[PDB]
Chemist: 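The following block contains the structure, expressed as structure tokens.
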Amino acid sequence: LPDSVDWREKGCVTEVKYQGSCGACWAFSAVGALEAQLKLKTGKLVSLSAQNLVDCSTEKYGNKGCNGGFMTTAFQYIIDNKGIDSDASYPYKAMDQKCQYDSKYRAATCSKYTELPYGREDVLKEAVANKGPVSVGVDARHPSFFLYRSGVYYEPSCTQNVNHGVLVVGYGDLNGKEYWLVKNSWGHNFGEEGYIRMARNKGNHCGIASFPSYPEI
Ligand SMILES: *C(=N)c1nc(-c2ccc(OCCCN3CCN(C)CC3)c(C(F)(F)F)c2)cc2c1ncn2C
């Protein structure tokens, strides 16, 4: 395995999104992972519709729109639905709405997803290096996460109980402090211009390897 990876250098990561007051983190995390696989498959980097998940990957998928949901069940929706719309055709509104999916605006498909074994940061590393960005849950229920500005994040009261969906788009180290490079959906002013570097190989810190998954086109 490489010591460091950044999928942004590979042209596989779209712009940071702003979820606002709608708890659609899980939606953005899911489309983020599929965006990278879309680029790898087709040559096109295209922001996919988070809103489509919020409106359509709903009760049947155990999801609750702006009050939270699961990346894995979002992927199954895209599989079952035979498509997800582009973000251009179905833009983000930060609210729960009626499903407005239309196949005429399909930007991606999904054929399968893979759920990584619980707490294994080495298995996560291998997936990030070799497959693509990986959707992850983390514990973001601490003020230090909201206050994060720069560097490698480490919260000693962090648990392995995850409650916020994000996207691991790389890993590396800062002067020997190992990190996961995380794309969040709290807009381009959060942390390092949309990103947070989270402690890696620190005993599954904030549950970052608790529930990892990735899709395939
Ligand atoms: C995002 N803005 C947001 N996210 C959540 C939320 C709650 C719980 C979550 O994970 C549940 C544990 C993992 N499960 C995966 C599927 N398995 C079958 C069962 C276990 C997540 C997740 F998936 F990690 F991202 C997110 C709640 C939110 C929320 N905004 C507002 N609320 C209440």
Side-chain angles (χ1 to χ4, degrees), residues 1-2 4-14 24-50 52-54 56-58 60-63 68-85 106-139 160-172 179-185 198 200-201 203-217:
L1 295 196
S4 299
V5 171
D6 188 346
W7 283 94
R8 299 179 300 171
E9 297 177 5
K10 306 176 202 289
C12 284
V13 180
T14 68
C25 61
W26 60 277
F28 288 105
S29 165
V31 296
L34 195 57
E35 287 163 6
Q37 300 298 313
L38 188 60
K39 177 67 183 180
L40 287 167
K41 180 84 170 223
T42 62
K44 326 198 295 184
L45 182 64
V46 182
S47 291
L48 303 167
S49 182
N52 192 343
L53 295 179
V54 163
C56 307
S57 192
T58 52
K60 168 182 195 294
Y61 294 90
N63 293 324
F70 311 104
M71 290 80 74
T72 45
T73 79
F75 306 138
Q76 191 66 42
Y77 164 76
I78 300 173
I79 297 167
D80 296 342
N81 196 55
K82 303 186 177 293
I84 189 178
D85 288 341
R106 173 200 298 121
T109 66
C110 186
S111 55
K112 63 185 275 211
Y113 65 97
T114 299
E115 300 180 71
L116 296 194
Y118 181 87
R120 295 282 312 302
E121 295 190 72
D122 62 328
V123 171
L124 180 51
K125 201 202 162 161
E126 187 183 66
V128 171
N130 286 333
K131 294 296 182 139
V134 177
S135 289
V136 296
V138 299
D139 185 7
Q160 286 72 217
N161 301 307
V162 302
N163 46 58
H164 180 69
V166 293
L167 185 68
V168 179
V169 301
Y171 55 82
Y179 64 73
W180 293 113
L181 177 64
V182 169
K183 190 189 196 202
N184 194 9
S185 49
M198 303 186 59
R200 175 164 67 89
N201 301 326
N204 191 14
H205 188 255
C206 300
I208 190 145
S210 286
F211 305 105
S213 50
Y214 68 93
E216 299 192 63
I217 284 262

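Along the sequence shown, residues carry numbers from 1.
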Chemist: Shortest non-hydrogen contact from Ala50 to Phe28?
Modeler: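 Residues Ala50 and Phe28, closest heavy atoms: CB-CE2, 3.4 Å.
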Chemist: Quick one: does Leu38's side chain get under 4.5 Å of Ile217's, heavy atoms only?
Modeler: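 Heavy-atom side-chain distance check passes, below 4.5 Å.
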Chemist: Below 4.5 Å, heavy atoms only, C-beta onward: do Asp6 and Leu181 meet side chain to side chain?
Modeler: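 Sidechains of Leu181 and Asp6: in contact.
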Chemist: Less than 4.5 Å apart, side chain to side chain, heavy atoms only: is that true for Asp122 and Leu1?
Modeler: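 The answer is no, as the side chains (C-beta and beyond) never meet within the 4.5 Å cut-off.
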Chemist: Can you confirm whether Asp139 sits close enough to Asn163 that some side-chain heavy atom of one is under 4.5 Å from a side-chain heavy atom of the other?
Modeler: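 Sidechains of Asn163 and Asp139: in contact.
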Chemist: Would you check if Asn204 and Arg120 make a side-chain contact, meaning some heavy-atom pair closer than 4.5 Å?
Modeler: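 Result no, sub-4.5 Å side-chain heavy-atom pair not found.
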Chemist: Walk me through whether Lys112 and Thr114 qualify under side-chain contact (heavy atoms from CB on, under 4.5 Å).
Modeler: CA-CA 7 Å; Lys112 63 185 275 211; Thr114 299; 4.2 Å; yes
Chemist: I would like to know whether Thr72 and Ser213 meet side chain to side chain donor-acceptor pair (under 3.5 Å); could you show each step before the answer?
Modeler: CA-CA 7 Å; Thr72 45; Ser213 50; 5.4 Å; no
Chemist: What are the two closest non-hydrogen atoms of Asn52 and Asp85, and how far apart are they?
Modeler: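 In this case the closest contact between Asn52 and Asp85 is ND2-N, 2.9 Å.
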Chemist: Is the shortest heavy-atom distance from the side chain of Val166 to the side chain of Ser29 under 4.5 Å?
Modeler: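 Not in contact.
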Chemist: If I compare all heavy atoms of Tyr77 with all of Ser57, which pair ends up nearest, and what's the gap?
Modeler: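 That closest heavy-atom pairing would be CB-OG, 3.4 Å.
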Chemist: Could I get the full list of disulfide bond (SG atoms under 2.5 Å apart) partners for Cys56, not counting sequence neighbours?
Modeler: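 Counting only residues at least two positions away or on another chain, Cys56 forms a disulfide bond (SG atoms under 2.5 Å apart) with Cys99.
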Chemist: Among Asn63, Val31, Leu48, which residue meets the side-chain contact (heavy atoms from CB on, under 4.5 Å) test with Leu53?
Modeler: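 With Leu53 as partner, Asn63, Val31, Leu48 yield a single side-chain contact (heavy atoms from CB on, under 4.5 Å), made by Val31.
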Chemist: Only one of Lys183, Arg8, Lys39 forms a side-chain hydrogen bond (donor to acceptor under 3.5 Å, both in side chains) with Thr14, so which one is it?
Modeler: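 Of the listed residues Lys183, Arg8, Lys39, the side-chain hydrogen bond (donor to acceptor under 3.5 Å, both in side chains) partner of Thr14 is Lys183.
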Chemist: Please lay out, stage by stage, how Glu35 and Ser47 fare under the test side-chain contact (heavy atoms from CB on, under 4.5 Å).
Modeler: CA-CA 7 Å; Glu35 287 163 6; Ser47 291; 4.1 Å; yes
Chemist: Take the angle between the ring planes of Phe75 and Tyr113 and call it parallel below 30°, perpendicular above 60°, tilted in between.
Modeler: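 Taking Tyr113 first and then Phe75, their aromatic rings sit tilted (interplane angle of 30° to 60°).
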Chemist: Check whether any side-chain heavy atom of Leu167 lies under 4.5 Å from a side-chain heavy atom of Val136, and answer yes or no.
Modeler: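 Counting from C-beta outward, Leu167 and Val136 never come under 4.5 Å.
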Chemist: With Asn184, which residues qualify under side-chain hydrogen bond (donor to acceptor under 3.5 Å, both in side chains), at least two apart?
Modeler: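 Partners of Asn184 under the side-chain hydrogen bond (donor to acceptor under 3.5 Å, both in side chains) test: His164.
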Chemist: Among side-chain atoms of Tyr61 and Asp80, is any donor-acceptor pair under 3.5 angstrom?
Modeler: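 Indeed, the side chains of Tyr61 and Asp80 share at least one donor-acceptor pair under 3.5 Å.
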Chemist: Can you tell me how far OH of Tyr171 sits from CZ of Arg200, rounded to the nearest 0.5 angstrom?
Modeler: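 The distance works out to 7.0 Å.
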Chemist: Going from SG on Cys110 to CD on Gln37, what distance comes out if it is rounded to the nearest 0.5 angstrom?
Modeler: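 Interatomic distance, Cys110 SG to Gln37 CD, rounded to 0.5 Å: 9.0 Å.
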Chemist: Output the distance between atom CD1 (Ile208) and atom NE2 (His205), rounded to the nearest 0.5 Å.
Modeler: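 Output value for this atom pair is 9.5 Å.
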Chemist: Would you call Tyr214 and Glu115 a side-chain contact if the rule is heavy atoms closer than 4.5 Å?
Modeler: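 Side chain of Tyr214 against side chain of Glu115, heavy atoms only: no contact under 4.5 Å found.
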Chemist: Going by side chain to side chain contact (heavy atoms under 4.5 Å, CB included), name the residues that satisfy it together with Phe211, two or more places apart in sequence or in a different chain.
Modeler: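 Partners of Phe211 by the side chain to side chain contact (heavy atoms under 4.5 Å, CB included) criterion, ordered by chain and then number, come out as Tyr118, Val162.
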Chemist: Kindly compute the distance separating CG (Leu116) from OG (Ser210), expressed to the nearest 0.5 Å.
Modeler: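 Output value for this atom pair is 11.5 Å.
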Chemist: Considering non-hydrogen atoms only, spot the tightest contact between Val54 and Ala27 and give its length.
Modeler: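 Result for this residue pair: CG2-CB, 4.0 Å.
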Chemist: Mind listing the closest non-hydrogen atom pair of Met198 and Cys206 along with its distance?
Modeler: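 The pair with the smallest heavy-atom distance is CE-CB, 3.8 Å.
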Chemist: Closest heavy-atom contact between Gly62 and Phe70?
Modeler: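 Minimum heavy-atom separation between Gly62 and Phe70: O-CE1, 3.4 Å.
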Chemist: Can you measure from CG (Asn81) to CZ (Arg106) and round to the nearest 0.5 angstrom?
Modeler: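 These two atoms lie 8.5 Å from each other.
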Chemist: Quick one: does any side-chain atom of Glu121 pair with a main-chain N or O of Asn201 as donor and acceptor, under 3.5 Å?
Modeler: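 Judged by distance alone, yes, a pair lies under 3.5 Å.
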Chemist: So with a 6.0 Å cut-off around NZ of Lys131, is the heavy-atom count from everything else above 12?
Modeler: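 It does not: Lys131 NZ has 12 such atoms or fewer within range.
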